[PDB]
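A.B. asks: This is the structure, below, for whatever I ask next.
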Amino acid sequence: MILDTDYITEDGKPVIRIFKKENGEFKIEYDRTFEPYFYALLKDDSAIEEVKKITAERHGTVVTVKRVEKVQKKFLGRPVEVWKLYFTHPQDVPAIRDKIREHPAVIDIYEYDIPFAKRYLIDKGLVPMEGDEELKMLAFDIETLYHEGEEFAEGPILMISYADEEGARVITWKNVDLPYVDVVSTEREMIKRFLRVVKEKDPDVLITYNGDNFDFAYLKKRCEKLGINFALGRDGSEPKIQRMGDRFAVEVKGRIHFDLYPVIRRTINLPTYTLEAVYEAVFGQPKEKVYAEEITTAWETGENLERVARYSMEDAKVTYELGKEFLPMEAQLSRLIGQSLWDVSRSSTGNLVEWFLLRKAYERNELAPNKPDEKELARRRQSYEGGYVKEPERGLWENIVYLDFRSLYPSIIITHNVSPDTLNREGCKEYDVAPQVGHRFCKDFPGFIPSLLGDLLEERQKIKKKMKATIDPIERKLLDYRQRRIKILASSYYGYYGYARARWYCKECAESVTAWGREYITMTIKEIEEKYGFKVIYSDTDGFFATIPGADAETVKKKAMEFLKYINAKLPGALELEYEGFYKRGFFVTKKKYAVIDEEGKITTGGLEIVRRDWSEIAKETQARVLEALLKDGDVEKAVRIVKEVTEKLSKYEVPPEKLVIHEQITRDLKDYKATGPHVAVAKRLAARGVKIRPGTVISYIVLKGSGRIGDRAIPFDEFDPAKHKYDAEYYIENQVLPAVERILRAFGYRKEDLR
DNA sequence: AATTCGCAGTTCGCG
DNA sequence: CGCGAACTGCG
């Protein structure tokens with residue numbers, strides 16, 4: 001199985017290293033025969049000679065164009081003559097590429113920014129994370145000495161905990177009488193001890209939690225001041241810290257540093273992404289937190305050091321149990337994109353799609369288009385029309401069916417071959433024309449993108465089939481992870497079209513897809529009202545809720561099924577309305593604010609506060625019991641006696657503060673907030689005491705009794721002392737609970753005023 | 001650093 | 001200075 005790739009230099013020449021685990025065994029294949037290159041497009045072939053003479057300086061070294069090669073490729077399906085420019089060393093490319101594109105005789109250059117090792121995996125058609133190979137995983141977390149205002153890592157590391165299938169231990173340099181704590185004399189011995197453990201456990205995967213921004217920058221700076229060789233790598237190297245713009249990320253050669261923090265971000269939407277939060281969110285058992293100053297004083301006074309022990313022990317234990325769950329999922333995502341687990345696990349949705357297209361593009365001899373420079377990214381400004389959203393018949397309805405399309409936007413792409421290479425291609429025999437916007441899409445050949453979309457969805461379909469007939473439950477779970485990722489890969493195509501930074505961005509492709517979507521959704525709605533007498537209560541992009549007023553619970557179901565038969569015959573290609581489910585009751589608040597309950601009693605919400613991190617758990621909780629009292633019980637009164645009793649629990653301060661915390665995210669540098677709400681209030685006030693505040697931090701604040709701006713009374717939740725803090729009850733009534741149930745209960749002749 | 005669509009609370013500035 | 005828009009966050 002392939003694990004990662006990189007290169008080392010050997011006498012000025014690159015050497016690809018491929019890290020394999022072929023049957024329990026770590027192996028390193030070396031490839032000295034791979035040449036870094038990029039692509040040039042010229043005015044005449046007669047320019048190649050003046051281009052080849054182009055030369056650049058690196059680190060005192062002179063950079064030359066090794067050799068040139070003429071090739072034919074397809075740029076956007078058109079045949080294009082291009083000169084492949086070859087180089088002796090990968091680091092030659094970023095030096096010279098600029099000085100080449102500025103040549104008069106060169107129109108542009110392409111695939112000039114592919115990481116040598118990633119390019120190896122493409123060009124050679126190699127795929128990471130492939131095979132039956134069980135990986136040895138080790139998680140680890142640290143604890144540090146935190147005194148405020150200190151520089152980063154000035155204070156020593158107090159503990160280093162780690163976990164695997166055999167359990168957890170903690171390495172520390174004070175006495176703690178716990179059978180899983182190992183005592184040593186000095187912070188240095190502890191580090192060199194942990195360094196030994198990793199060497200003799202020889203894990204394939206090193207699992208942290210935010211190790212890219214904390215645990216590995218500390219372990220490095222401390223290894224600096226203490227002067228320790230941090231030979232974690234299977235080749236003996238130190239953790240290689242890399243700068244991914246905003247933050248950092250750490251690699252460890254011969255292994256896979258699996259930082260879960262970026263995995264949980266992309267994969268799960270949670271209120272806060274603290275390790276403690278995430279562990280309770282994934283496995284349902286609590287995990288208590290121990291805060292920095294508690295760690296400090298407990299370490300200094302030498303008291304209650306057992307408590308800091310189990311915190312650290314449970315940081316490592318959780319982090320393994322977590323990495324255990326999320327690793328195969330990201331293993332299959334690695335296999336699907338064709339790039340290292342380390343890479344994809346840190347990648348955004350757009351980057352994931354592009355690496356996959358970059359692979360397919362190379363397989364189909366398609367010159368990849370560049371990424372937009374500043375100007376092109378500016379002309380990628382004006383937006384397009386999205387879906388059709390129907391201003392709903394606000395209120396409660398009974399006996400309801402939700403019908404939607406099976407994969408509207410991917411199915412539209414395959415059906416009408418929406419692809420930048422088919423868009424308006426002259427000289428075809430057949431075209432599909434897109435509504436409202438009228439782009440022509442050539443039908444004579446499958447487009448680049450639609451060819452992949454179909455291949456994906458078909459492959460997804462074979463997989464489910466192999467799942468159901470397979471016998472190896474390890475295999476089944478893996479397959480399942482793959483197709484779920486294929487689903488999400490498929491369903492990431494339309495956005496990629498309108499993603500302003502994308503290499504294959506096609507605005508035209510994107511608005512086309514939404515224009516069709518609206519024709520298909522609108523026509524299906526007219527044909528269910530006029531032709532089949534349903535009433536369309538609400539409709540959003542790819543589906544609608546409908547009912548036949550006054551008809552039976554089991555009539556509506558049946559006549560719906562009849563309309564599927566009807567409408568599907570009328571829908572071209574893979575377009576297809578399907579029966580999603582039936583809901584004995586459903587309340588519709590506004591556009592994109594709804595809640596249906598099925599015949600079993602499960603309640604599903606959409607756009608509702610009950611599911612937002614920026615609303616307090618007391619609101620979301622009360623709104624839910626409100627939704628139960630209507631949909632599940634029909635008790636409109638109880639839905640008011642519930643609010644009337646919850647408001648009294650706040651006016652008498654009888655409700656836990658832990659419910660009143662509001663979580664919001666920071667999306668920029670604090671210097672860039674044109675206007676300061678309450679989370680930037682606390683954030684500014686927090687980084688003023690010196691805490692790191694990245695774009696992405698979740699501020700978890702609470703609103704205190706007082707007057708004025710909401711922010712002037714906000715405090716981060718950790719600083720909340722209930723004995724010397726009276727939280728603002730009036731706010732959590734008139735700004736948090738009531739406005740979240742008042743829209744549901746105004747529909748019954750109830751005003752906020754008869755809700756306290 | 002996937003898209004458009006849309007609700008709404010906080011703040012501040014305008015008549 | 002009551003109200004509406006800019007700013008913001010997030011499904």
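A note on labels: chains of the structure tokens are A, B, ... as shown, every chain counts residues from 1, and ligands are counted from 1 in their shown order.
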Contacts from chain B to chain A, 7 Å maximum, only C-alpha atoms (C1' of nucleotides): show me the residue list as a PyMOL selection string.
C.D. replies: chain B and resi 2-6+10-11
A.B. asks: Can I get the selection written as a PDB file, in the first residue's frame, with C-alpha atoms (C1' of nucleotides)?
C.D. replies:
ATOM      1  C1'  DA B   2     -17.889  24.659  -3.606  1.00  0.00           C
ATOM      2  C1'  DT B   3     -22.440  27.306  -5.093  1.00  0.00           C
ATOM      3  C1'  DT B   4     -26.960  30.703  -4.392  1.00  0.00           C
ATOM      4  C1'  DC B   5     -30.805  31.299  -1.271  1.00  0.00           C
ATOM      5  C1'  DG B   6     -32.422  32.960   2.771  1.00  0.00           C
ATOM      6  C1'  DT B  10     -26.352  43.159  16.615  1.00  0.00           C
ATOM      7  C1'  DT B  11     -24.692  47.353  15.768  1.00  0.00           C
TER       8       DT B  11
END
A.B. asks: When DSSP works through the backbone of this structure, what residues of region 14-172 of chain A end up as strand (DSSP E or B), shown as JSON, numbers by chain?
C.D. replies: {"A": [14, 15, 16, 17, 18, 19, 20, 21, 26, 27, 28, 29, 30, 31, 37, 38, 39, 40, 41, 42, 55, 56, 57, 62, 63, 64, 68, 69, 70, 71, 72, 73, 74, 75, 78, 79, 80, 81, 82, 83, 84, 85, 86, 106, 107, 108, 109, 110, 137, 138, 139, 140, 141, 142, 143, 144, 157, 158, 159, 160, 161, 162, 163, 164, 167, 168, 169, 170, 171, 172]}
A.B. asks: Give as a ChimeraX atom specification every residue of chain C that touches chain A within 9 Å, counting only C-alpha atoms (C1' of nucleotides).
C.D. replies: /C:6-11
A.B. asks: Write out as a VMD selection string all residues of region 571-692 of chain A that backbone DSSP assigns to helix (DSSP H, G or I).
C.D. replies: chain A and resid 609 to 611 617 to 632 638 to 651 657 to 659 670 to 672 678 to 687
A.B. asks: When you count only C-alpha atoms (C1' of nucleotides), which of these residues is closest to residue 9 (chain B): A:470, A:615, A:684, A:163?
C.D. replies: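 Closest to residue 9 (chain B), using only C-alpha atoms (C1' of nucleotides): A:615.
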A.B. asks: Applying 10 Å and only C-alpha atoms (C1' of nucleotides), which residues near residue 187 (chain A) remain after dropping the ones on its own chain fewer than 2 positions away? List them as an MDAnalysis selection string.
C.D. replies: chainID A and resid 156:160 171:174 184:185 189:193 222:223 226
A.B. asks: Would you write out those residues with N, CA, C and O atoms, as an mmCIF file, in the first residue's frame?
C.D. replies:
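Produced file selection.cif, reproduced below:
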data_model
loop_
_atom_site.group_PDB
_atom_site.id
_atom_site.type_symbol
_atom_site.label_atom_id
_atom_site.label_comp_id
_atom_site.auth_asym_id
_atom_site.auth_seq_id
_atom_site.Cartn_x
_atom_site.Cartn_y
_atom_site.Cartn_z
ATOM 1 N N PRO A 156 7.752 25.239 29.836
ATOM 2 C CA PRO A 156 8.100 23.867 29.468
ATOM 3 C C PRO A 156 6.851 23.023 29.274
ATOM 4 O O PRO A 156 5.737 23.389 29.658
ATOM 5 N N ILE A 157 7.077 21.860 28.673
ATOM 6 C CA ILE A 157 6.047 20.846 28.494
ATOM 7 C C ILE A 157 5.918 20.056 29.784
ATOM 8 O O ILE A 157 6.906 19.519 30.292
ATOM 9 N N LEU A 158 4.702 19.972 30.318
ATOM 10 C CA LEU A 158 4.550 19.293 31.599
ATOM 11 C C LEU A 158 4.392 17.786 31.446
ATOM 12 O O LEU A 158 4.968 17.023 32.232
ATOM 13 N N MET A 159 3.630 17.345 30.447
ATOM 14 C CA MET A 159 3.375 15.929 30.225
ATOM 15 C C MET A 159 3.411 15.637 28.732
ATOM 16 O O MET A 159 3.383 16.547 27.900
ATOM 17 N N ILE A 160 3.528 14.350 28.405
ATOM 18 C CA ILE A 160 3.316 13.848 27.050
ATOM 19 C C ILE A 160 2.571 12.531 27.187
ATOM 20 O O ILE A 160 3.163 11.516 27.569
ATOM 21 N N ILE A 171 3.772 10.514 30.235
ATOM 22 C CA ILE A 171 5.162 10.737 30.620
ATOM 23 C C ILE A 171 5.304 12.135 31.222
ATOM 24 O O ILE A 171 5.022 13.141 30.552
ATOM 25 N N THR A 172 5.753 12.198 32.484
ATOM 26 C CA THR A 172 5.860 13.459 33.212
ATOM 27 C C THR A 172 7.117 13.499 34.100
ATOM 28 O O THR A 172 7.721 12.468 34.428
ATOM 29 N N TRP A 173 7.526 14.718 34.480
ATOM 30 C CA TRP A 173 8.681 14.900 35.348
ATOM 31 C C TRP A 173 8.307 15.437 36.732
ATOM 32 O O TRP A 173 9.105 16.113 37.381
ATOM 33 N N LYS A 174 7.117 15.118 37.215
ATOM 34 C CA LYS A 174 6.832 15.193 38.637
ATOM 35 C C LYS A 174 6.211 13.871 39.075
ATOM 36 O O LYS A 174 5.870 13.021 38.254
ATOM 37 N N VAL A 184 9.876 10.817 35.244
ATOM 38 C CA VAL A 184 11.262 10.989 34.860
ATOM 39 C C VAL A 184 11.772 12.266 35.516
ATOM 40 O O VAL A 184 11.020 13.003 36.155
ATOM 41 N N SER A 185 13.070 12.530 35.346
ATOM 42 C CA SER A 185 13.697 13.556 36.168
ATOM 43 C C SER A 185 13.547 14.951 35.586
ATOM 44 O O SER A 185 13.470 15.930 36.338
ATOM 45 N N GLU A 189 14.283 14.382 29.666
ATOM 46 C CA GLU A 189 14.166 12.935 29.692
ATOM 47 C C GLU A 189 12.797 12.512 29.178
ATOM 48 O O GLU A 189 12.684 11.581 28.374
ATOM 49 N N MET A 190 11.758 13.242 29.585
ATOM 50 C CA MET A 190 10.391 12.959 29.158
ATOM 51 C C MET A 190 10.305 12.955 27.636
ATOM 52 O O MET A 190 9.854 11.979 27.026
ATOM 53 N N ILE A 191 10.769 14.040 27.004
ATOM 54 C CA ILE A 191 10.781 14.118 25.542
ATOM 55 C C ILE A 191 11.545 12.953 24.931
ATOM 56 O O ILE A 191 11.057 12.279 24.024
ATOM 57 N N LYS A 192 12.768 12.721 25.384
ATOM 58 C CA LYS A 192 13.544 11.637 24.800
ATOM 59 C C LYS A 192 12.894 10.291 25.099
ATOM 60 O O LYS A 192 13.031 9.342 24.320
ATOM 61 N N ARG A 193 12.147 10.202 26.193
ATOM 62 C CA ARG A 193 11.351 9.009 26.463
ATOM 63 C C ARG A 193 10.238 8.848 25.425
ATOM 64 O O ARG A 193 10.135 7.811 24.756
ATOM 65 N N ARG A 222 10.588 23.489 22.203
ATOM 66 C CA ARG A 222 11.192 22.914 23.397
ATOM 67 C C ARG A 222 12.380 22.034 23.029
ATOM 68 O O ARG A 222 13.443 22.119 23.652
ATOM 69 N N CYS A 223 12.241 21.221 21.982
ATOM 70 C CA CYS A 223 13.399 20.498 21.480
ATOM 71 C C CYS A 223 14.495 21.442 21.019
ATOM 72 O O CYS A 223 15.665 21.052 20.967
ATOM 73 N N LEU A 226 16.034 23.118 24.493
ATOM 74 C CA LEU A 226 16.693 22.006 25.160
ATOM 75 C C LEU A 226 17.734 21.320 24.290
ATOM 76 O O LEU A 226 18.516 20.512 24.811
#
A.B. asks: Skip region 68-84 of chain A itself and residues of its chain fewer than 4 positions away, then list as a PyMOL selection string all residues within 9 Å of it, counting only C-alpha atoms (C1' of nucleotides).
C.D. replies: chain A and resi 37-42+45+48+52+364-369+420-422+447-448
A.B. asks: Find the residue from A:153, A:56, A:506, A:577 that sits nearest to residue 404 (chain A); use only C-alpha atoms when measuring.
C.D. replies: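 Nearest to residue 404 (chain A): A:577.
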A.B. asks: CA of residue 21 (chain A) and CA of residue 233 (chain A) are how many Å apart?
C.D. replies: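 Computing it gives 15.0 Å between the two atoms.
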